[PDB]
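> Please find the sequence and an experimentally derived structure below.
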Protein chains: 6
Amino acid sequence: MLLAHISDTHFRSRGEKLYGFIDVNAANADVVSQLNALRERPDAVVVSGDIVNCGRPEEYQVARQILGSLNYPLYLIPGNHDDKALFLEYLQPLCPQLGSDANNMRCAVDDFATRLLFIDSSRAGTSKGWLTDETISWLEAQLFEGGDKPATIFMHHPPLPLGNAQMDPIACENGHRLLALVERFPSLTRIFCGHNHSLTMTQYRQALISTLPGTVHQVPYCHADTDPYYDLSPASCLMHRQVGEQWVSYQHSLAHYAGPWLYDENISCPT
Amino acid sequence: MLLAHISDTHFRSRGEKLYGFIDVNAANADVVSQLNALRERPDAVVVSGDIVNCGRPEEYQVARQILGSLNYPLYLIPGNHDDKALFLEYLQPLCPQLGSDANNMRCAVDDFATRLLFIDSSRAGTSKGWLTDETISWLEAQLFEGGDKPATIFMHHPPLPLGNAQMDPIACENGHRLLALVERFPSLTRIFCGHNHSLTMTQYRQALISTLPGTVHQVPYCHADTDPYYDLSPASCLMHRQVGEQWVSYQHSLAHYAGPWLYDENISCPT
Amino acid sequence: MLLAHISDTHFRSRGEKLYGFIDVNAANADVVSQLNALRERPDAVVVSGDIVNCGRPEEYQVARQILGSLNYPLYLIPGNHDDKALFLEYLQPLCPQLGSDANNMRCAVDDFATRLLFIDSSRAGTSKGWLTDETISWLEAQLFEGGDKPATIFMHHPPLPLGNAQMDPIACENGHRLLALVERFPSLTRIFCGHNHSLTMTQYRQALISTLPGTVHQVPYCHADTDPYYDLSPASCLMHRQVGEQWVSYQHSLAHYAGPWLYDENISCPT
Amino acid sequence: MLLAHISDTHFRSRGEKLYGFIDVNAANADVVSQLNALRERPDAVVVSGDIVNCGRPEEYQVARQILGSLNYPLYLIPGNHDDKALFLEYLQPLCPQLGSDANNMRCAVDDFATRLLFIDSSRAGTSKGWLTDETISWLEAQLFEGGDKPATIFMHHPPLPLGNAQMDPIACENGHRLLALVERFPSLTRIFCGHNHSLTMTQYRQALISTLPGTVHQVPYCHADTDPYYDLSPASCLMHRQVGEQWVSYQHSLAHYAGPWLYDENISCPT
Amino acid sequence: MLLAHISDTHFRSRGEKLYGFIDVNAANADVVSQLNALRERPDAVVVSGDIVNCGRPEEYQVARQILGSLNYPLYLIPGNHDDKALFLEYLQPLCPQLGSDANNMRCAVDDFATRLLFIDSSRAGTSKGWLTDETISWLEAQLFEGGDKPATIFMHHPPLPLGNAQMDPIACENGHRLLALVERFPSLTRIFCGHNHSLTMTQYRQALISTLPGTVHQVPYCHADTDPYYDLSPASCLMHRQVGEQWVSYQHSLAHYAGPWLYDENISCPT
Amino acid sequence: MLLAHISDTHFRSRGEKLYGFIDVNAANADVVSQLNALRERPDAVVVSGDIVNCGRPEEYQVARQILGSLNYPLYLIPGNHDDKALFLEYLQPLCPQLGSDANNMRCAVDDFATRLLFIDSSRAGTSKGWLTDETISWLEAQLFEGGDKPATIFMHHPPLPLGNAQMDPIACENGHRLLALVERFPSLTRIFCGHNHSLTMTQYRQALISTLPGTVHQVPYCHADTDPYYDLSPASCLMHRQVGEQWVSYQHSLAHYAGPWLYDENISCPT
Ligand SMILES: [Fe+2]
Ligand SMILES: [Fe+2]
Ligand SMILES: [Fe+2]
Ligand SMILES: [Fe+2]
Ligand SMILES: [Fe+2]
Ligand SMILES: [Fe+2]
Ligand SMILES: [Fe+2]
Ligand SMILES: [Fe+2]
Ligand SMILES: [Fe+2]
Ligand SMILES: [Fe+2]
Ligand SMILES: [Fe+2]
Ligand SMILES: [Fe+2]
């Protein structure tokens, strides 16, 4: 298993920029060509929510074209900036197992040594996340029938407060429901999230829980300052690789930088 | 607790650049001024190893001046690029609790809600890591005598293979002995490492185990390619914060990037 | 009083760039978010003319949206690239006291310790400036009733030749009319202008007279070369602050640069 | 008359960078080659002070070599970072009219339509400015014996507070004594200063009074915040030109930027 | 004779980017303003094929506007990405001597000391080039009546394999036909081509044969790797100048870089 | 045969930058690591002259270390910036076939399908080139005794004027003597040169004759302007490859640029 994992693409309509100046459509198209160009090709690409910025039809048309140009199977979940019905209408052909019901979008993937669980934490009419009882019970059934086989969950909102003054009040509001599931099921070992536009990681029992950077703009972590900042600090994604018994996640830079060069011992320490 | 955690500074001697062209001394002096300029000030800075590039006295002179200009308590550990005796001679004044024996540099910090354990995984005459008999024993003594207070270890070499073709053969050779400590001691929940010049994370039992980016040059993760690559992809560090019961780690960019601006709902979705 | 003062925005229609390659709409939207993000928030924003590039309705629609997204009261005046009638139609809702008559756009602001006088130097069918007799007589009435209270004038065209070979032939053609007013009224102490895309300052009696940089492209000052150059040298604006009895103007960079860091005496002069 | 006016070069010793990371010696050598490359050649270059960073002989050796490679007559004055005796020893050969007494470095230039007056506002053992009894007196003698020929003063410290929270407490402490000279002497119409690393301008009676940007690092203007910030925002200098009766100052960018291109009416507004 | 020679502009429709992220329309408009701004003004501009990217009408509308804004006579030829009929419909007014027949576009220019021969190597329904027999016989007539006067050919596809693994299989397929002409006619001394997005030169008898860089994106030369790479390495064009008996070609950078400065012997070798 | 061909490295002494600001030593060390990192490895690297800037021993010490870290056989020749005796003392160990006589440094390489001839066109006490009586004779001996095997010459100075106003007066003064050799010897088909810091090419009989860009700073081509300009436009080198019967030269960028990505037909022309 090799997965490329991006999020918070924030697509705008054709010929619009985010906030009028951040060319998200071009930046994401660059990211898509970067992923198509990888030497070690992933089995699939995950996009963990906030696919579009305003939940508008014309933004989904752009998303559908640019994400549709990935030469990979996709697993897509919504974020709070998404519109559940339009998300399903435009993006379900790219990710068929989302289903038919915009209020119950989720699926399990059983192709790999670790099972993948994709869920919808977005709630209409708010930025905060919410796990519906049907999501929690579907998750219980998945984890129970899964038995010993390890599981990872992908969702948009982090299920616990991470100390980020801007992002915490809009985390998953009833994230305790997922925490309770990691306590029940030792099989559940990874939860990956978007929303925060930041690589921030923590551990609850046997679960590693991490948020991801955005593909374009980032949000700095502040503990005591509430100003809604964003910046254009370097974009990245997470590659997830099954390495024997270990699920390993590594950061893959989406920036354009100098290098690589080859290490040479004589050049390292001249005599 | 707030810790700034940097790694793999690779200082060179006063007039010199790494490989002749990468100005590590200037890049690290910038990092140091960035850390002194933070609005949310850390309690301490951790430098997890490969402090100098060649193990030479003149590189340690530069490291002592530049790391000495941090306005923070420091916790310093060696990497394989370091020389134990010189590391002690030059850097112990910046981290007195290392001790007096260059063969047994270790310390436990008990000031915070989580116990911090700093060890030397470097071995003279090789790039691979090794945990001495004394280290393994001292580590076990800290955990055994430490009750239910959680512990995090800082060491230079990853204690397990991560699938990185360049970096795996030179991980901690008897790292499985530390993995046996995570199995027996549920209070051991974090292991942070340098060596890899890459953010790569995994979970083993309750332990989250992560390598860090370097402050200057990075090494990309390849699964099959053993070509010794490095590049100048964006540098960053890890901030570690205690957030109630949670140890949270977030990536702090050390690059210079546009921003920040403030989010405005009307600019986000114009009508 | 704190004023942020920008000019020569040169807005184009949606999806056009200036000259086909300078993204003025994105650059100005960046500037607008920068101004919204200021820690020391101005009382108002002044835009001293050449709001649009071609005087076209679709350019005013873009200007109205982007300038309308400033979280500040605005004072707007036209430049030669503007169309007086369309300027009034689209931008008067953003600056109500311009009035109702496109040929007599001007206003006085009496909110601060120094009174602010906004005038229209643009003339239909030419690049040169012109002060109509109704503007001059309105100015005489304003300065006479103002008495001892200091006054600053904002206009698009500089009222005297500044030695700039490109810009001088298209300065205010009858600028002597304003010069004559500074001679009559010792109360008149600042005249700020756009047009030149350059920070160029001079003094006539008690008046400081300055042109401003553009928000996007600049024009270099040449004394003896007549080629109509423009470049993308660094953009800035002027902040105007009342400091006791002093009106002070300082340059605020609109570029994205490294820093800030904090000054430290030990780092400044190592021993 | 054409003068290029730079300020606050802050040279370091031969192998050294400012704060360990800002290459002032290289940045200043670039500035020097830019000045030698101008098509419109100045009659003289003014360096208004803080020539070196630490007042050390080896910094003056670098300053003498780099400033000595200007193909222009120089007018040099000290700042608080300078050492008077060493400034005289090393730099008087580049500006012979400074004199022979390191405690009374002053000169009047009478070659142009405006008299130029160069003074030392620096005081040993402090960052604030001070006008010695002898300086104030000599300044008054120049103005009193100078009739109706206009005068401009170059000095390092601003003679009045500008509202800059970082820089105001370290302005010229008895600067009001120079303000008394502008009140009594209408021929005194320009005062130009370093110290602030910022273009900030004000008018007092007939005098335009301005601080300059540095050639390398800048200090932002804050009204309330006293945190000692500096940044690497775009560097520039001031060109001073005599244009008939007008002394005109314009900002000349020292950055490397795209351009110039030529304005074309058809490219500006396509049909 | 001075010719500016660009190629492979790859224009897209209004508001589209190449591959969704490379702003070719803006980049080419920059190039056009750079060419308009040249101090040594060319007699004509040559564009050697792949004017548009997809052969679509809306792309030709953009090409026609941007190339139409060059203040020079143009010589335009098609490449494989072009559509012969639409090329003629939109671009023939910019280059009248292309003619009236989209299948037989070619012309001779006899204005200079060397005659210029523009031909169409593009073939409908393929990327490979093809020289029709009517092109070869027209060329024979041109070279025969030309006699002793030297000749240069401009065509899109290189007439021989250059060892480029990506580009060779799509060179001119029957390029031997042109090679046979250089063997017959010692008068034929230059053949310039687009297609390769790379400055690559060779010699066959008395003919210098060269491909050109693109105005925007480039393609790296690989000998043994077949992956269809492109990059944004620096763009340039070729200036062709008649220097007495010599046709000389020099590379003119279209990038924005630091400089120029003037060489000074004292600054070069300090003493 | 694959040759990497660089030129005009202009090394400075250990702590020094070219003109005080261009870090040639670092830029060349980067070039060297780029060359060692190529996937398609050259058989040899050619350095066509102006190896050091000032002809000083300490510059040769740097050149020997940096050029000595190339993992390739080297062919080195002098330029006018070089000192013959010191060039031999320091660099002959890197290119033993230069010989033992600093006045007659020449060698023929016969390893490949094309004979390579390396000569010294530099003359002590001038910037112009000169072919010694012995060189011309030895060159003729190589060609006369060499039969129908093709030959390429590497020399520092162009053997003919190229129309470059700065560089033409300092070309090879008796270069016409080498032109006489191309006339008599059809096997002589390539002459490659440094000196110009510009890719400029021409053909004389069967010989393709080209100058190279420098590895660091470039000199623009001007026809009328003699002002001694240099700039930091993109650096590159020439790769020379034997492709069957064809000697092919391609430009290899030494800049750091975005890319590469992979061409995709669907991303190229979306529907
Ligand atoms: Fe988001
Ligand atoms: Fe979100
Ligand atoms: Fe390391
Ligand atoms: Fe290491
Ligand atoms: Fe304007
Ligand atoms: Fe204007
Ligand atoms: Fe200063
Ligand atoms: Fe100062
Ligand atoms: Fe092409
Ligand atoms: Fe092509
Ligand atoms: Fe050279
Ligand atoms: Fe040379």
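Cool, the structure landed. Numbering: from 1, shown residues only, chains lettered A, B, ... in the order given. Ligands and ions are numbered 1, 2, ... in the order given.
> In a helix, residue A:201, correct?
No - under DSSP: H, G, I helix; E, B strand; the rest coil, residue A:201 falls outside any helix and is assigned strand.
> That one contacts residue A:207, correct?
No - checked against CB atoms under 8 Å, the pair residue A:201 and residue A:207 is beyond contact range at 11.0 Å. (Each C-beta comes from the backbone N, C-alpha and C, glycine too.)
> Just give the number of residues close to the residue of the stretch 1-150 of chain A found nearest ligand 7.
Closest contact between the stretch 1-150 of chain A and ligand 7, by CB to the ion, is at residue A:21 (33.8 Å). Per other CB atoms under 10 Å in any protein chain shown, the neighbour tally for residue A:21 reads 22.
> again with residue A:69
18.
> Can you tell me, leaving aside adjacent residues, what's nearest to it?
residue F:267 (5.0 Å; CB to CB, 6 or more residues apart in numbering or on different chains).
> try residue A:263
residue B:228 (3.8 Å).
> Ramachandran angles for the one you found?
phi -80, psi 70 (degrees, to the nearest 10).
> Need phi/psi at residue A:267.
Backbone geometry at residue A:267, expressed as degrees, to the nearest 10, gives phi -80, psi -40.
> Let's check: the centremost residue of chain A is which one?
Geometric centre of chain A, nearest residue: residue A:48, 2.8 Å, by CA atoms, centre = their mean.
> Any figure for the gap between that one and ligand 2?
Per CB to the ion, to the nearest Å, residue A:48 is found 10 Å from ligand 2.
> pretty sure that residue is touching residue A:9, no?
No - with contact defined as CB under 8 Å, residue A:48 does not count as touching residue A:9 (9.7 Å).
> Get me the contact residues on the stretch 151-271 of chain A for ligand 4.
Counting by CB under 5 Å from the ion, no residue of the stretch 151-271 of chain A lies close to ligand 4.
> Just want the residue of the stretch 151-271 of chain A that's nearest ligand 6.
In the stretch 151-271 of chain A, the residue that lies nearest ligand 6 is residue A:232 (31.2 Å; CB to the ion).
> What count of nearby residues applies to that residue?
When neighbours are counted by other CB under 10 Å, residue A:232 registers 18.
> and whatever helix or strand residue A:192 lives in, what does it pack onto?
For residue A:192, the element it lies in under DSSP states H and E is strand A:188-193. Identification of packing neighbours for strand A:188-193 by 3 or more CB pairs under 8 Å, 6 or more residues apart in numbering or on different chains; DSSP states H and E yields strand A:44-48, strand A:151-154, helix A:176-184, strand A:207-211, strand A:246-253.
> centre of the chain versus the last one, how much separation?
Centre-to-centre, strand A:246-253 and its host chain are 13 Å apart (CA atoms, centre = their mean, to the nearest Å).
> Now look at it and say if it contacts chain B.
Yes - Strand A:246-253 lies within reach of chain B by CB under 8 Å from any CB of the partner chain, at A:246, A:247, A:248, A:249, A:250, A:251, A:252, A:253.
> Next, the angle strand A:188-193 makes with that strand.
Put simply, strand A:246-253 runs at 20 degrees to strand A:188-193, going by axes from the mean of the first three to the mean of the last three CA atoms, to 10 degrees.
> Next SSE downstream of strand A:246-253?
Reading on from strand A:246-253 to the C-terminus, the next helix or strand found by DSSP H and E is strand A:261-262.
> Paired strands for that next one, with orientation please.
Next to strand A:261-262 in the sheet, as set by DSSP bridges, lie strand B:229-230 (antiparallel).
> Show residues contacting the partner strand.
By CB atoms under 8 Å, 6 or more residues apart in numbering or on different chains, the residues outside strand B:229-230 that reach it are A:259, A:260, A:261, A:262, A:263, B:166, B:197, B:217, B:218, B:219, B:220, B:222.
> and if we set it to 10 Å?
Applying CB atoms under 10 Å, 6 or more residues apart in numbering or on different chains, the contact partners of strand B:229-230 are A:259-263, B:18-19, B:22, B:166, B:197, B:214, B:216-222, F:33, F:37.
> Which residue, neighbours along the chain excluded, lies closest to the residue of the stretch 151-271 of chain A closest to ligand 6?
In space, and not counting its chain neighbours, residue A:232 is closest to residue B:258: 4.4 Å by CB to CB, 6+ apart.
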